[PDB]
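This report refers to the structure that appears directly beneath it.
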There are 2 protein chains.
Amino acid sequence: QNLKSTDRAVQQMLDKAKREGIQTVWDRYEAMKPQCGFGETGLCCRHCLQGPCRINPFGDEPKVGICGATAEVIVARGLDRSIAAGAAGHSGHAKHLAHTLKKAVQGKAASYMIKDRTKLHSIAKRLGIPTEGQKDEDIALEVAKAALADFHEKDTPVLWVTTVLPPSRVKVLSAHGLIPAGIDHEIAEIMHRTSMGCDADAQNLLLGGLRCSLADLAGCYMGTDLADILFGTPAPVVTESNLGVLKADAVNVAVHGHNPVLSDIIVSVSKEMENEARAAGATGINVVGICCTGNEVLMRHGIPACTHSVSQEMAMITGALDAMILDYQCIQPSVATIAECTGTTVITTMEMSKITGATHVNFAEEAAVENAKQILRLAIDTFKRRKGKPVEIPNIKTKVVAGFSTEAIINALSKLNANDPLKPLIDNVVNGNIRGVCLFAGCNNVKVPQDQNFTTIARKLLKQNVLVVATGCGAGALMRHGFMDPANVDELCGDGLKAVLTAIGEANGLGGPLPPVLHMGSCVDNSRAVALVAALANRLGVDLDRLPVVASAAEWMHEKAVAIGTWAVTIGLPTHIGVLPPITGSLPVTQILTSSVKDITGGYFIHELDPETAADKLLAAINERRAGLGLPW
Amino acid sequence: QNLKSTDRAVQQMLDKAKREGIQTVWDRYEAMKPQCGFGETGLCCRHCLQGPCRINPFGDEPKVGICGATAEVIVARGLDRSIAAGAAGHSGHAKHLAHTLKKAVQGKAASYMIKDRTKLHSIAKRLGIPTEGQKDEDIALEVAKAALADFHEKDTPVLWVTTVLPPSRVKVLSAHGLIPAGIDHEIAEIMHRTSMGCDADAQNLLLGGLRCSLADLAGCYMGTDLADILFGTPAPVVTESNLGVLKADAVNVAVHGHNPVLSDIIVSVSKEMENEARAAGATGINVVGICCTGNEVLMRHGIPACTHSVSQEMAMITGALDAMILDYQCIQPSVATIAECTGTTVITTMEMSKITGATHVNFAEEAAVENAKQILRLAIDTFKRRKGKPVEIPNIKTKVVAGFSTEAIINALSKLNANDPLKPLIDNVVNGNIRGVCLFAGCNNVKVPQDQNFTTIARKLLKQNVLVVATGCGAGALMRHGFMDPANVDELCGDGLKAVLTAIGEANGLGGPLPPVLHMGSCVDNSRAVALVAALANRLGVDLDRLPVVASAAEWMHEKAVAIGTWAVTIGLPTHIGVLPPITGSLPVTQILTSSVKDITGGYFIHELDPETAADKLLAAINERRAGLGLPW
Ligand code: SF4
Ligand code: SF4
Ligand code: FES
Ligand code: FES
Ligand SMILES: [Fe+3]
Ligand SMILES: [Fe+3]
């Protein structure tokens with residue numbers, strides 16, 4: 001079980017699943033070995049009915065696609081479609097929120113409102129929307145319309161790119177024709193250019209993919225902006241994570257997926273109906289989070305994080321999960337089958353994301369509170385059915401300090417310098433107390449023992465005084481292994497980094513340091529890390545590709561993460577990836593993504609499967625950036 | 001060579017390529033056998049980096065995707081992405097034309113203009129744009145803005161769906177939630193819903209694909225509408241097709257691709273520079289067409305059709321093709337490699353469609369005429385280099401009568417009944433002179449001996465008094481085998497059909513019949529066939545799924561054609577396909593697409609690889625429709 005997951009709670013449930021004969025993601029992975037080498041290297045194409053075509057990585061025929069498509073065209077086309085699909089996921093999430101805000105300020109969905117008025121006003125002015133002398137509802141309606149307008153061509157490029165990056169970065173990207181003209185416009189253009197008999201030049205294709213990855217960046221940043229307006233900007237909070245946050249005597253309700261439009265309401269309504277849940281024999285309604293929508297409500301409300309990503313089925317295996325409430329993205333469809341064995345009520349809520357065998361509850365913002373009631377009443381009903389059943393909840397949980405929005409980080413720094421809050425951070429970068437900054441992002445992947453890369457790389461960087469921030473299931477991995485607990489700062493952090501986390505935490509009325517890793521939220525909240533390092537760049541008067549800042553998608557899986565890794569490279573960051581995407585079948589494509597893209601954007605991918613080597617390479621990249629500033633290292 | 005292509009000119013060039021050692025699409029197909037059975041059945045998924053995943057069609061493990069995705073989810077997700085890619089191709093074509101019209105009427109591209117003022121006005125009123133008292137340039141600017149607005153969400157659904165189909169059809173589609181909200185919106189939503197951990201219900205997934213196929217229909221219809229405004233509505237013309245239309249002593253220039261924004265200008269400018277081409281030793285500039293952009297200029301200007309689709313490389317093998325001018329879609333990237341051997345100058349012109357090793361000429365509508373000059377001067381230069389070389393142009397060509405827009409067909413019928421032009425056609429449907437209508441559409445496919453299915457099926461239907469219309473490379477196959485020559489009516493057509501083609505042709509001042517097959521234009525001009533059968537439905541007061549009308553994508557290949565076959569089914573047509581798409585790995589998915597979709601839209605796919613059986617099945621479908629009207633058959 002150790003080779004499957006480094007999480008001891010996950011290992012315990014893996015033993016339970018094995019003895020009850022419940023097939024898991026790891027069993028399904030084992031049944032799939034050896035995986036197809038053509039698909040693993042990227043040398044397969046099904047873009048037309050003359051296929052499927054493949055290309056031998058080495059040896060004799062086939063050496064070329066039936067239409068004449070070369071290995072480098074086929075590899076670049078497949079990558080582009082992955083970026084476009086990721087963009088479409090983050091795009092759809094942000095679009096849903098844009099519609100939710102518009103409905104709310106037009107009086108159509110009273111369950112939603114402008115919760116963060118100061119974020120609303122700062123966004124409107126970043127966009128150049130006039131605020132002075134306007135109702136909030138009219139400013140918000142303007143912001144929502146501007147959001148929806150970034151999805152298509154108009155007289156301006158995508159403002160959720162051009163107004164969020166340093167102007168020097170925007171100029172460099174414009175010179176290469178990489179600024180998106182519209183979010184869905186770019187997605188559609190990728191799908192066109194990669195279809196049969198279209199674009200057949202690897203470099204041209206990859207440039208289109210960089211541009212589409214910035215459409216994904218725009219979607220993430222818009223998603224974060226809109227969610228903060230509607231639901232509040234995160235501020236530091238304390239909670240717990242891992243399976244031990246389930247309680248045998250409560251109605252345990254998992255919010256799972258990505259979009260909090262639904263799960264933020266479930267959080268609110270669940271408070272009301274705990275009276276209704278005592279009547280069924282529960283202590284209350286124990287809302288817990290899985291994946292990114294769990295991160296959303298953990299970041300805003302302190303909802304304990306139950307589990308993440310590859311291990312999401314294990315929460316059900318406890319026998320104590322009465323309902324799991326789905327919106328979309330990263331939901332293993334196996335949960336619908338597994339629930340027949342574990343008793344859990346699996347509920348889908350979104351029209352374009354249903355799973356055969358799960359109960360569907362049509363959710364609409366106009367009727368959000370009634371929907372939450374209907375769903376939570378199914379959860380309460382399920383809790384009654386398993387009264388007197390034995391459950392096996394592993395007694396394993398960690399303390400999690402989270403909620404580090406960019407606004408919260410700046411506010412926390414302002415206690416050391418009120419008029420120049422970024423200067424203390426830059427000060428300790430310059431003098432070596434902070435070697436640099438590393439963002440961990442992305443998913444877990446069944447190919448990698450769960451959390452192994454995240455924790456191994458994090459341990460090394462923290463010892464070397466790197467300030468580590470994390471999002472999505474990367475934050476999930478670190479939070480479940482204690483990296484978000486301030487009690488662990490002495491163990492994990494080098495003395496320079498320790499000094500800075502202590503100084504900031506003490507000045508923020510804590511008596512104790514900041515946690516070893518700053519949790520910056522969900523996957524769309526990778527945009528928060530952009531807003532932070534962009535402000536650092538603007539305060540220093542340099543571009544992002546001169547900052548000692550790197551990223552690591554240490555165990556990535558989803559097309560969304562492929563898009564994120566690509567826009568990390570596109571905005572100038574050295575970007576480590578811990579699972580090879582299907583590009584090794586083309587040396588020219590691999591060479592562009594790991595080397596020569598440096599000459600376009602200043603960022604580059606770092607392909608490294610071994611996490612100890614990965615950390616060395618990430619430290620080397622941080623130290624090259626320090627040298628380019630003339631800093632000691 | 002007979003097993004490769006039924007076209008004798010193609011066979012001759014295949015012999016030349018074999019003896020000169022030039023690899024062809026058929027050789028590349030042979031080098032790819034046996035093709036992967038997982039991809040051929042649809043049982044492969046690469047939508048995340050835990051893959052590639054496959055499922056054994058029969059036997060033991062693997063039986064399920066690593067995430068839990070079933071065979072039916074994996075098959076439906078792959079199909080949806082094919083529909084979305086096809087939609088994106090037709091979408092991009094139409095968008096380019098919408099931008100071209102807007103530039104033209106804003107004074108930015110003087111090389112373009114409103115050539116068809118009566119089409120402009122009829123479109124504006126179908127859309128509800130006011131014409132009375134408005135400049136043409138303001139009506140057109142309104143139409144162009146309405147076109148661009150159909151790509152995104154707005155207060156109306158996609159008007160290039162809702163205003164082009166019978167209102168009874170729109171109501172049926174709306175009740176199933178199938179009307180697109182925006183063209184690129186639907187494409188992006190497909191890409192989202194099919195990514196990992198999203199939509200996992202085959203029926204839900206396929207309904208989304210039907211809706212996305214109507215976004216493709218909208219793109220085709222918009223493309224046809226806009227091209228007719230800018231370049232003229234087709235009217236009957238006479239020309240020739242097949243390789244014998246090349247001339248050894250001329251500068252032979254192939255326009256290849258799909259979008260005529262470029263090639264319509266090449267046609268115009270080539271006339272001017274024939275003086276400049278005599279000076280180099282040519283008789284003139286011989287512009288010939290390949291694929292759909294060749295259909296565009298064949299339909300409007302009588303440009304002879306050189307070849308099509310799978311055989312496009314053969315035009316180069318003659319040694320007489322001095323330039324081949326590309327825009328996008330269905331261009332075998334092998335032409336760039338092959339040109340090193342044949343002398344041809346291969347020129348790409350569009351930013352998102354380049355081929356490594358081809359010369360790129362940046363085309364912009366603002367500078368269209370200068371670009372045509374630069375390109376044609378490269379063609380003239382190439383003609384000089386091969387002076388005194390031997391060429392082998394097969395002396396094989398057919399007469400082609402084409403240009404049957406829906407407006408031309410209605411006008412031709414109006415000579416038999418001026419106030420009720422559709423009534424003579426319906427009259428002869430009712431009395432049996434016309435058994436029904438069959439549309440042939442789509443590509444050739446290397447898997448099928450070229451044109452074999454198109455001609456075999458057409459011969460049988462025409463003998464049985466079916467009125468046959470054709471588009472794209474389906475029209476290409478029929479036109480190269482004599483089906484567009486009126487001299488062939490006695491051989492091919494049954495007496496009832498013969499009577500009607502003769503009566504119409506005689507009444508249109510021809511002394512002779514209409515040709516055996518009515519050429520309705522390029523692939524986007526499949527929308528013309530919709531406009532015709534929609535008018536027939538509205539005149540009869542019934543929906544499309546009650547008309548004796550069918551379609552056959554007899555040899556289809558491209559994702560564009562997959563989308564077209566799907567919207568043919570979605571608007572209510574029995575739709576034969578002659579190559580299996582990757583769906584046979586899921587019985588439930590196959591059963592939906594071939595049977596139970598009948599209960600949603602009234603259309604259905606007819607899977608039939610054997611063309612004689614196909615014709616029987618198409619005749620059976622036509623005759624069922626006749627019986628449902630109470631007609632004899
Ligand atoms: S697009 Fe080319 S390489 Fe891909 S399946 Fe079709 S023929 Fe093969
Ligand atoms: S989405 Fe599911 S079936 Fe597809 S590659 Fe990923 S794990 Fe495999
Ligand atoms: S041949 Fe296995 S991924 Fe296509
Ligand atoms: S296993 Fe061959 S198409 Fe993927
Ligand atoms: Fe996740
Ligand atoms: Fe073609």
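Chain identifiers are assigned as A, B, and so on, following the order in which chains appear in the structure tokens; residues are numbered from 1 within each chain, and ligands are numbered from 1 in order of appearance.
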
Exercise for the section: Let me have all residues with an atom within 10 Å of ligand 6, counting only C-alpha atoms and all ligand atoms, laid out as an NGL selection string. Expected result: (:A and (197)) or (:B and (256-258 or 290-295 or 307-312 or 329-332 or 442-444 or 472-474 or 476 or 522-523 or 557-558))

Practice task
List every residue of stretch 274-413 of chain A that DSSP, applied to the backbone of this structure, assigns to helix (DSSP H, G or I), and report them as number ranges by chain.
Solution key: A: 274-278, 291-301, 309-317, 334-342, 365-385, 406-413

Exercise for the section: Enumerate as a PyMOL selection string the residues belonging to chain A that approach chain B to within 6 Å, with only C-alpha atoms taken into account. Expected result: chain A and resi 25+28-29+31-32+39+48-49+52+61-62+66-68+85+88-89+184+188+191-192+196-201+328-334+353-356+557-559

Let me see the file: selected residues, N, CA and C atoms, as a compact mmCIF listing (two decimals), in the first residue's frame.
# COMPACT_ATOMS: atom_id res chain seq x y z
N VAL A 25 -8.87 3.05 -7.89
CA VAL A 25 -8.12 3.64 -8.99
C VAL A 25 -6.79 2.93 -9.18
N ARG A 28 -7.44 -0.33 -10.95
CA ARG A 28 -7.73 -0.07 -12.35
C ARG A 28 -6.46 0.31 -13.11
N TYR A 29 -5.56 1.07 -12.46
CA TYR A 29 -4.24 1.33 -13.06
C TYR A 29 -3.48 0.03 -13.29
N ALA A 31 -4.64 -2.99 -13.69
CA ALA A 31 -5.27 -3.72 -14.78
C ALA A 31 -4.96 -3.12 -16.15
N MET A 32 -4.41 -1.90 -16.22
CA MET A 32 -4.20 -1.24 -17.50
C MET A 32 -2.76 -1.40 -17.98
N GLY A 39 0.63 6.08 -27.29
CA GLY A 39 -0.04 7.17 -26.58
C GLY A 39 0.84 7.78 -25.51
N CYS A 48 -8.84 12.04 -37.59
CA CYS A 48 -9.74 11.81 -38.72
C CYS A 48 -9.96 10.30 -38.87
N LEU A 49 -10.98 9.94 -39.66
CA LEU A 49 -11.40 8.55 -39.81
C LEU A 49 -10.52 7.74 -40.74
N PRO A 52 -6.95 5.11 -36.78
CA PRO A 52 -5.88 5.72 -35.98
C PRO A 52 -4.52 5.51 -36.62
N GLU A 61 8.78 1.34 -40.25
CA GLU A 61 7.48 1.93 -40.47
C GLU A 61 6.46 1.41 -39.45
N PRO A 62 5.41 2.22 -39.12
CA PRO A 62 5.10 3.56 -39.66
C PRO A 62 5.97 4.67 -39.09
N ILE A 66 -0.86 9.02 -41.97
CA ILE A 66 -1.38 8.68 -43.28
C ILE A 66 -1.50 9.94 -44.13
N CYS A 67 -1.86 11.07 -43.52
CA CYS A 67 -1.98 12.28 -44.31
C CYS A 67 -0.62 12.92 -44.59
N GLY A 68 0.47 12.36 -44.06
CA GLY A 68 1.76 13.02 -44.07
C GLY A 68 2.13 13.75 -42.78
N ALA A 85 -8.59 22.06 -23.94
CA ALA A 85 -9.54 21.45 -23.02
C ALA A 85 -9.38 22.00 -21.60
N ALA A 88 -10.90 25.33 -21.49
CA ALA A 88 -12.35 25.23 -21.53
C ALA A 88 -12.92 24.92 -20.16
N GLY A 89 -12.20 24.12 -19.36
CA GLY A 89 -12.64 23.85 -18.00
C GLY A 89 -12.59 25.09 -17.12
N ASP A 184 -13.03 31.73 -25.53
CA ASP A 184 -13.60 30.65 -26.34
C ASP A 184 -13.14 30.76 -27.79
N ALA A 188 -11.58 27.50 -29.70
CA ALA A 188 -12.08 27.05 -31.00
C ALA A 188 -10.98 27.08 -32.05
N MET A 191 -8.85 24.07 -31.83
CA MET A 191 -9.52 22.87 -32.30
C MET A 191 -9.51 22.83 -33.82
N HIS A 192 -9.73 23.98 -34.45
CA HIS A 192 -9.60 24.14 -35.90
C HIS A 192 -8.19 23.82 -36.39
N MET A 196 -7.50 17.68 -39.04
CA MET A 196 -6.83 17.20 -40.26
C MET A 196 -6.61 18.29 -41.30
N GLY A 197 -5.39 18.30 -41.85
CA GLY A 197 -5.10 19.08 -43.04
C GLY A 197 -4.97 20.57 -42.79
N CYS A 198 -4.84 20.96 -41.54
CA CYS A 198 -4.59 22.33 -41.10
C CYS A 198 -3.13 22.55 -40.72
N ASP A 199 -2.92 23.35 -39.68
CA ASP A 199 -1.59 23.70 -39.21
C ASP A 199 -0.69 22.47 -39.08
N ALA A 200 0.47 22.53 -39.71
CA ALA A 200 1.41 21.40 -39.77
C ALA A 200 2.84 21.91 -39.60
N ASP A 201 3.04 22.81 -38.64
CA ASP A 201 4.35 23.34 -38.33
C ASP A 201 4.47 23.37 -36.82
N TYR A 328 -18.34 19.57 -11.07
CA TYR A 328 -17.64 19.05 -12.25
C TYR A 328 -16.13 19.12 -12.03
N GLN A 329 -15.42 18.35 -12.86
CA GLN A 329 -13.97 18.31 -13.02
C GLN A 329 -13.32 17.49 -11.89
N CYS A 330 -12.54 16.48 -12.28
CA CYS A 330 -11.71 15.65 -11.40
C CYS A 330 -12.51 14.69 -10.53
N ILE A 331 -13.77 14.45 -10.86
CA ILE A 331 -14.59 13.47 -10.15
C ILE A 331 -14.40 12.12 -10.82
N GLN A 332 -13.85 11.15 -10.10
CA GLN A 332 -13.72 9.83 -10.70
C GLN A 332 -15.12 9.26 -10.87
N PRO A 333 -15.57 8.97 -12.09
CA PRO A 333 -16.91 8.39 -12.26
C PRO A 333 -17.12 7.09 -11.49
N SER A 334 -16.04 6.44 -11.06
CA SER A 334 -16.16 5.26 -10.20
C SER A 334 -16.93 5.53 -8.91
N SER A 353 -22.71 17.77 -16.49
CA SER A 353 -21.84 16.83 -15.79
C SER A 353 -22.70 15.87 -14.97
N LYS A 354 -23.15 14.78 -15.61
CA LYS A 354 -23.90 13.72 -14.96
C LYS A 354 -23.09 12.42 -15.00
N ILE A 355 -23.35 11.54 -14.03
CA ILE A 355 -22.72 10.22 -13.98
C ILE A 355 -23.81 9.16 -13.89
N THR A 356 -23.80 8.21 -14.82
CA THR A 356 -24.81 7.15 -14.81
C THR A 356 -24.84 6.45 -13.46
N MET A 557 -1.92 15.70 -13.64
CA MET A 557 -2.81 14.74 -14.30
C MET A 557 -3.75 15.37 -15.34
N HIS A 558 -4.41 16.46 -14.98
CA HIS A 558 -5.59 16.91 -15.72
C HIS A 558 -5.16 17.83 -16.86
N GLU A 559 -6.00 17.89 -17.91
CA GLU A 559 -5.76 18.87 -18.97
C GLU A 559 -5.70 20.30 -18.42

Practice task
Fewer than 3 positions away in the same chain doesn't count, so skip those; otherwise give me all residues within 12 Å of stretch 613-619 of chain A, counting only C-alpha atoms, as a VMD selection string.
Solution key: chain A and resid 435 to 440 453 to 467 548 to 555 573 to 579 604 to 610 622 to 626 633

Handout entry: Polymer residues at most 10 Å from residue A:3, only C-alpha atoms, same-chain spacing of 4 or more positions, as a VMD selection string
Key = chain A and resid 11 448 to 450 452

Would you mind exporting N, CA, C and O atoms of the selected residues as a short mmCIF file (atom, residue, chain, number, x, y, z; two decimals), in the first residue's frame?
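Ended up saving to result_25.cif:
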data_model
loop_
_atom_site.label_atom_id
_atom_site.label_comp_id
_atom_site.auth_asym_id
_atom_site.auth_seq_id
_atom_site.Cartn_x
_atom_site.Cartn_y
_atom_site.Cartn_z
N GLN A 11 -3.67 4.56 3.04
CA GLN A 11 -3.22 3.17 3.13
C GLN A 11 -4.21 2.31 3.91
O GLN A 11 -4.53 1.18 3.52
N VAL A 448 2.23 8.09 -9.71
CA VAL A 448 3.20 8.53 -8.71
C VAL A 448 2.64 8.16 -7.34
O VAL A 448 1.50 8.50 -7.05
N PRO A 449 3.41 7.51 -6.47
CA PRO A 449 2.91 7.27 -5.11
C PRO A 449 2.43 8.59 -4.53
O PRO A 449 3.14 9.60 -4.56
N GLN A 450 1.19 8.58 -4.03
CA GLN A 450 0.50 9.83 -3.76
C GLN A 450 1.27 10.70 -2.76
O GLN A 450 1.68 10.21 -1.70
N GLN A 452 4.20 11.81 -2.83
CA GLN A 452 5.63 11.56 -2.70
C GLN A 452 6.48 12.67 -3.31
O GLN A 452 7.53 13.01 -2.77
#

Check the DSSP output for the backbone and give back, as a compact mmCIF listing (two decimals) with N, CA, C and O atoms, in the first residue's frame, the residues of stretch 384-422 of chain A in strand (DSSP E).
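Saved file states_27.txt follows:
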# COMPACT_ATOMS: atom_id res chain seq x y z
N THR A 398 -4.52 16.32 10.34
CA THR A 398 -3.50 17.32 10.59
C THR A 398 -4.16 18.67 10.80
O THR A 398 -5.31 18.89 10.40
N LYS A 399 -3.43 19.56 11.47
CA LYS A 399 -3.86 20.95 11.61
C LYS A 399 -3.47 21.71 10.35
O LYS A 399 -2.35 21.56 9.84
N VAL A 400 -4.38 22.55 9.86
CA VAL A 400 -4.16 23.29 8.62
C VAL A 400 -4.43 24.76 8.88
O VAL A 400 -5.56 25.13 9.22
N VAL A 401 -3.40 25.59 8.71
CA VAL A 401 -3.59 27.04 8.64
C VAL A 401 -3.58 27.43 7.16
O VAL A 401 -2.61 27.15 6.45
N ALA A 402 -4.64 28.06 6.69
CA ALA A 402 -4.82 28.30 5.26
C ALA A 402 -5.41 29.70 5.09
O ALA A 402 -5.37 30.52 6.01

Handout entry: Pairwise distance for atom CA of residue A:349 and atom CA of residue A:262, rounded to one decimal in Å
Key = 8.4 Å

Handout entry: Point-to-point distance from atom CA of residue B:1 to atom CA of residue B:470, Å rounded to tenths
Key = 26.1 Å

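Here atom CA of residue B:369 is placed at a distance of 16.9 Å from atom CA of residue B:115.
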